[PDB]
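Asker: Here it is: the structure, laid out below.
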Amino acid sequence: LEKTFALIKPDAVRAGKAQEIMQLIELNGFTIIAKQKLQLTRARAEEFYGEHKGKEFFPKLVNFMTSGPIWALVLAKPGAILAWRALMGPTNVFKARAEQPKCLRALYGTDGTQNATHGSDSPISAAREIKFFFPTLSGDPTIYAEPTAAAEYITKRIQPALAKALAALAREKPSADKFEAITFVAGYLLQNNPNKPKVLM
Amino acid sequence: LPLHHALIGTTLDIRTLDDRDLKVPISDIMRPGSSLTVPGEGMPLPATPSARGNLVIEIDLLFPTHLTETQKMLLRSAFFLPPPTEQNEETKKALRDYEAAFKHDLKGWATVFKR
Amino acid sequence: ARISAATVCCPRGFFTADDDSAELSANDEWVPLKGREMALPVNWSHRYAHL
Amino acid sequence: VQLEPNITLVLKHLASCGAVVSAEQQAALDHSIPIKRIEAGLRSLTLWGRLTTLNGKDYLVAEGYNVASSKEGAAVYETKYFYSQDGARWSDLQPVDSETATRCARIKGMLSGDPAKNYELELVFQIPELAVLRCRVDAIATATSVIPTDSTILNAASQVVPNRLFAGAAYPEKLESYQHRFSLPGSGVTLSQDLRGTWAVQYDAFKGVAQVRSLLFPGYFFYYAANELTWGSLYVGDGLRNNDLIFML
Amino acid sequence: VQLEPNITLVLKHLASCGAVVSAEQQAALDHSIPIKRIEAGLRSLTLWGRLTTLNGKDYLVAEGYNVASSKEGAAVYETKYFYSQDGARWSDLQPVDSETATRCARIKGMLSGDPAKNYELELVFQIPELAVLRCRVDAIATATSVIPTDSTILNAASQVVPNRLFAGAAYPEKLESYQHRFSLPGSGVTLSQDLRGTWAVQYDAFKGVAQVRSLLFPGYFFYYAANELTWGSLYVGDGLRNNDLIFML
């Protein structure tokens, strides 16, 4: 059981065909894990389409993707990625109509860029994008939970701030009770940390 | 605000920052330079993430630019009408006749369509 | 009895009151008032004698 | 079983008690209830009642809430009230502070039509009429909000939610089968705990329909149909209170 | 949600489709459906339709069942029908044989109001008029008896019963959201596995109300309201299906 990312583009939402697309998606065995209707901004779309950086089609692609609200979905199935690529069909609508006439591109697409849907390519990209739009959606307990990767994770990100916090606490040596020390170290971590700034008013 | 909206009273329409519309009645004769307050319709409190301020409508009246002499006569008759317990029977009959004539369904001007 | 005398009513001019007796005779010349005129209480009259 | 009382079923079952609204206003309601339910963020907006007035322009009052929590031993609904003269365009009823809430209960009388009316009290206190209207609605809702017992239930995070497995109330003629909406589901508080002679129950046992009428507030009616399990409540007439209950009974 | 369909809801929601019942008949139904329901012993009894007859009087037909079982891979409802001319006295509508039903099939045109008329067929056969009425009614019923999908569920002892905690049909403007009454809840047999042009659906998303019209039998209408999970069906007209349907499409 895997899961992939898929978004209905503004062209199939401006024409009111989103609900039919969801029904078709569900009829073929998929299961919508999470859905959300949302309008990207220019910066968010540019960060989203990072792989095709400085490409020739990038201006029109980012201009179309932020013309209206889109739908974002996570679809779960044993063969979710390949099945969604097959159902979604060929990437060019004019080629799609000739090749596979009963496919989402042929049925709802209108142009090379207005293909009316977007899917993932590989499991790494799928997981990355699911994390991009659903930061709180759990998943992938195998690659993340890995003793070598976990030690690297703690050392690279969590350890630099923690070592300073445990030192300051050893210097200060607050009350021997647990709760006071825990609150002190938590406040220290939330006060001075590398990535976030300090808020003053 | 139009002057007759101030005196007679209407409902202001405001679209809040949240995706909710809002219709607030005018509760009395709005004074010049007065204001209205809708509690719980301001920005959230930075301290507590539930309570909010109160939206404040600052009212700037839009007085009519032109008035005829008959309109002024009607306004003076409206601004000096005796209290309803002091009115003669002639006064009540005249008021009833005028109201039935101003709200005449085909030849009265109570409701007209913009050209 | 009390409610009937105060509340039961008829449009004004629909009847004619006999000058001698309390009896009311239907008026032949009554021209109806149409519309929101029947909402003014000056256009109605009592149908039963005052208690 | 039901999750929100209808307007059509309520207006049908309470027609005999004089709780009726004009037909044109009925159509306007049918069209313009969802519009207000979507404009505001509410998820359950029904018709509360209809208050009379010195004009013909009665006040139709509707009530809607988003969240309904359990705070300090009471089921509290963050209600929002709207008013209209015709069923087409609704306006909002802002709550009133305590000083006005005490200076508005002394203004006995029948409300006028224009909601820009100022009453005077004693120095002179100038109070708006919409404040008086909100005071009366709040008092009536505090005294009269009736729902069948166990129709609500508590979930995680302490939210009162409809009991989707509610099998109706046995003995629907006894007042022990009804409760205020702001009584917590576990508490055994019902309408019986109120003053003995305040509530009257007439139960048609053949057609299986019960009517509860408030005698402290004479214009509040509630109906509960057991066979179809539909309960509703309306208030018609002004919002004045029947002080001398002891003499009438 | 709902336990049984409400007659006033059916008349209110299906009025735009020309499915109406007169005022006297409305009140008479309101007062007389419960009486026959109690006398017969049926848990459910409701107006099934109004077949129009030649002269002024019409045939109001109601149906009722006690409990619906699951037998031979289908939801079997043991129904009993009653007919009337006025909405006051409900007489019984007797079941007919097989060959007699085949002979009903060759009777066309509007049937006459008098329940004592006898039609002539061919060796000559005398066909009672109530037999023709029952034949037409059972044909319409076994053709189109709509219910939203998964609104019923099995239980212990295997009797299909209302599903008390029902989410509501998702995507309600599509035939997959509705099914036949005699289709089991578990199976995926829905209103989409019949002929491709025999049904039509209209949907209002704001009001959230869906209307389903049968084209094979033009007088059968169904409604489903999404905001309040209430659905109901009504038949108005003579019991003739348009065999020349294809040319209509």
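The chains in the structure tokens are called A, B, ... from first to last as shown; in each chain the residues are counted from 1, and the ligands are counted from 1 in the order shown.
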Write out as a ChimeraX atom specification each polymer residue whose atoms come within 7 Å of residue 87 in chain D, counting only C-alpha atoms; drop sequence neighbours fewer than 4 positions from it.
Answerer: /D:25,28-29,32
Asker: For the residues in the current selection, export C-alpha atoms as a compact mmCIF listing (two decimals), in the first residue's frame.
Answerer:
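Final file, selection-v8.txt:
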```txt
# COMPACT_ATOMS: atom_id res chain seq x y z
CA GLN D 25 -42.63 35.44 3.84
CA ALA D 28 -38.76 34.30 1.05
CA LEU D 29 -37.62 32.22 4.03
CA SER D 32 -33.05 33.23 1.95
```
Asker: I'd like the contact shell of range 16-25 of chain A - 9 Å cut-off, only C-alpha atoms, skipping same-chain residues fewer than 5 positions apart - returned as a list in words.
Answerer: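 Listed by chain and then number, they are residues 8, 11, 30, 31, 32, 71, 75, 84, 87, 104 and 108 of chain A; 171 of chain E.
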Asker: For the residues selected in the previous step, produce a file with C-alpha atoms as an mmCIF file, in the first residue's frame.
Answerer:
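Final output, saved to again-v2.cif:
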```cif
data_model
loop_
_atom_site.group_PDB
_atom_site.id
_atom_site.type_symbol
_atom_site.label_atom_id
_atom_site.label_comp_id
_atom_site.auth_asym_id
_atom_site.auth_seq_id
_atom_site.Cartn_x
_atom_site.Cartn_y
_atom_site.Cartn_z
ATOM 1 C CA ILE A 8 -6.590 19.132 -10.122
ATOM 2 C CA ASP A 11 -8.827 24.657 -15.727
ATOM 3 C CA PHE A 30 -8.092 4.898 -5.208
ATOM 4 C CA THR A 31 -8.794 6.276 -1.734
ATOM 5 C CA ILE A 32 -8.528 10.014 -1.129
ATOM 6 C CA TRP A 71 -7.468 20.863 -5.546
ATOM 7 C CA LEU A 75 -4.380 8.895 -3.324
ATOM 8 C CA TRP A 84 -2.286 7.134 -11.348
ATOM 9 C CA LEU A 87 -5.210 6.552 -15.448
ATOM 10 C CA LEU A 104 -8.502 12.259 -17.964
ATOM 11 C CA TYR A 108 -10.861 17.259 -19.564
ATOM 12 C CA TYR E 171 -21.871 13.165 -5.351
#
```
Asker: Leaving out residue 134 in chain E and any residue of its chain fewer than 6 positions from it, which residues lie within 8 Å of it when counting only C-alpha atoms, given as a PyMOL selection string?
Answerer: chain E and resi 93-96
Asker: Those selected residues, please, written with N, CA and C atoms and delivered as a PDB file, in the first residue's frame.
Answerer:
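Just written: again-v3.pdb:
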```pdb
ATOM      1  N   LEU E  93     -56.805  -2.828  -2.043  1.00  0.00           N
ATOM      2  CA  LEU E  93     -56.484  -3.033  -3.453  1.00  0.00           C
ATOM      3  C   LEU E  93     -55.965  -4.456  -3.604  1.00  0.00           C
ATOM      4  N   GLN E  94     -56.815  -5.345  -4.106  1.00  0.00           N
ATOM      5  CA  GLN E  94     -56.544  -6.771  -4.096  1.00  0.00           C
ATOM      6  C   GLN E  94     -55.449  -7.145  -5.095  1.00  0.00           C
ATOM      7  N   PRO E  95     -54.638  -8.147  -4.769  1.00  0.00           N
ATOM      8  CA  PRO E  95     -53.655  -8.654  -5.731  1.00  0.00           C
ATOM      9  C   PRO E  95     -54.301  -9.483  -6.830  1.00  0.00           C
ATOM     10  N   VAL E  96     -53.633  -9.509  -7.980  1.00  0.00           N
ATOM     11  CA  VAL E  96     -54.150 -10.160  -9.171  1.00  0.00           C
ATOM     12  C   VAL E  96     -53.251 -11.330  -9.542  1.00  0.00           C
TER      13      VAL E  96
END
```
Asker: Once chain E is fitted to chain D on all Cα atoms paired one-to-one in order, how large is the remaining RMSD?
Answerer: 0.7 Å
Asker: Calculate how many Å separate CA of residue 201 in chain D from CA of residue 162 in chain D, rounding to one decimal.
Answerer: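 About the pair CA of residue 201 in chain D and CA of residue 162 in chain D: they are 24.0 Å apart.
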Asker: As a PyMOL selection string, list the residues of range 50-248 of chain D assigned to alpha helix (DSSP H) by DSSP on the backbone atoms of this structure.
Answerer: chain D and resi 98-103+129-144+245-248
Asker: Just how far from CA of residue 1 in chain D is CA of residue 204 in chain E, in Å to one decimal?
Answerer: 24.7 Å
Asker: Would you please work out which residue, of D:228, D:138, D:39, D:176, is nearest to residue 208 in chain D when using only C-alpha atoms?
Answerer: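 Answer, going by the shortest atom-to-atom distance: D:228.
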Asker: For chain D against chain E, which residues fall within 12 Å using only C-alpha atoms, given as a PDB file with C-alpha atoms, in the first residue's frame?
Answerer:
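Resulting contents of selection-v1.pdb:
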```
ATOM      1  CA  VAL D   1     -32.382  10.971  14.875  1.00  0.00           C
ATOM      2  CA  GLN D   2     -32.930  14.401  13.353  1.00  0.00           C
ATOM      3  CA  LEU D   3     -30.009  16.824  13.321  1.00  0.00           C
ATOM      4  CA  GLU D   4     -31.776  20.162  12.753  1.00  0.00           C
ATOM      5  CA  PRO D   5     -35.488  21.062  12.942  1.00  0.00           C
ATOM      6  CA  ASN D   6     -37.135  21.959   9.645  1.00  0.00           C
ATOM      7  CA  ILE D   7     -38.991  25.190   8.951  1.00  0.00           C
ATOM      8  CA  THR D   8     -41.763  23.477   7.005  1.00  0.00           C
ATOM      9  CA  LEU D   9     -42.448  20.736   9.562  1.00  0.00           C
ATOM     10  CA  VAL D  10     -42.395  23.265  12.413  1.00  0.00           C
ATOM     11  CA  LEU D  11     -44.718  25.682  10.614  1.00  0.00           C
ATOM     12  CA  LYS D  12     -47.017  22.751   9.819  1.00  0.00           C
ATOM     13  CA  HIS D  13     -47.236  21.199  13.288  1.00  0.00           C
ATOM     14  CA  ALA D  27     -41.271  31.564   0.237  1.00  0.00           C
ATOM     15  CA  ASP D  30     -37.257  29.104   1.869  1.00  0.00           C
ATOM     16  CA  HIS D  31     -34.981  31.020  -0.479  1.00  0.00           C
ATOM     17  CA  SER D  32     -33.047  33.230   1.954  1.00  0.00           C
ATOM     18  CA  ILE D  33     -32.235  30.915   4.865  1.00  0.00           C
ATOM     19  CA  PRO D  34     -29.379  29.128   3.017  1.00  0.00           C
ATOM     20  CA  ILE D  35     -28.064  32.477   1.755  1.00  0.00           C
ATOM     21  CA  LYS D  36     -27.577  33.727   5.309  1.00  0.00           C
ATOM     22  CA  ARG D  37     -26.308  30.310   6.399  1.00  0.00           C
ATOM     23  CA  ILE D  38     -23.542  30.561   3.779  1.00  0.00           C
ATOM     24  CA  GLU D  39     -22.780  34.291   4.065  1.00  0.00           C
ATOM     25  CA  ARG D  43     -23.644  25.539   9.989  1.00  0.00           C
ATOM     26  CA  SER D  44     -27.112  25.413  11.589  1.00  0.00           C
ATOM     27  CA  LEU D  45     -29.390  28.437  11.114  1.00  0.00           C
ATOM     28  CA  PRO D 162     -26.623  15.368  18.404  1.00  0.00           C
ATOM     29  CA  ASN D 163     -27.275  11.830  19.627  1.00  0.00           C
ATOM     30  CA  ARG D 164     -27.420   9.996  16.300  1.00  0.00           C
ATOM     31  CA  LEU D 165     -28.760   6.872  18.056  1.00  0.00           C
ATOM     32  CA  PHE D 166     -31.565   8.655  19.919  1.00  0.00           C
ATOM     33  CA  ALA D 167     -34.570   6.320  20.058  1.00  0.00           C
ATOM     34  CA  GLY D 168     -37.081   8.916  21.234  1.00  0.00           C
ATOM     35  CA  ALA D 205     -51.458   9.573  21.814  1.00  0.00           C
ATOM     36  CA  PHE D 206     -53.092   8.227  18.649  1.00  0.00           C
ATOM     37  CA  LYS D 207     -51.237  10.381  16.128  1.00  0.00           C
ATOM     38  CA  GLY D 208     -48.337  10.387  18.600  1.00  0.00           C
ATOM     39  CA  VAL D 209     -47.653  14.129  18.776  1.00  0.00           C
ATOM     40  CA  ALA D 225     -43.637  13.886  16.946  1.00  0.00           C
ATOM     41  CA  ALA D 226     -42.542  10.491  18.230  1.00  0.00           C
ATOM     42  CA  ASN D 227     -43.356   8.223  15.285  1.00  0.00           C
ATOM     43  CA  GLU D 228     -41.218  10.304  12.915  1.00  0.00           C
ATOM     44  CA  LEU D 229     -39.003  11.662  15.743  1.00  0.00           C
ATOM     45  CA  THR D 230     -39.105  15.345  14.811  1.00  0.00           C
TER      46      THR D 230
END
```
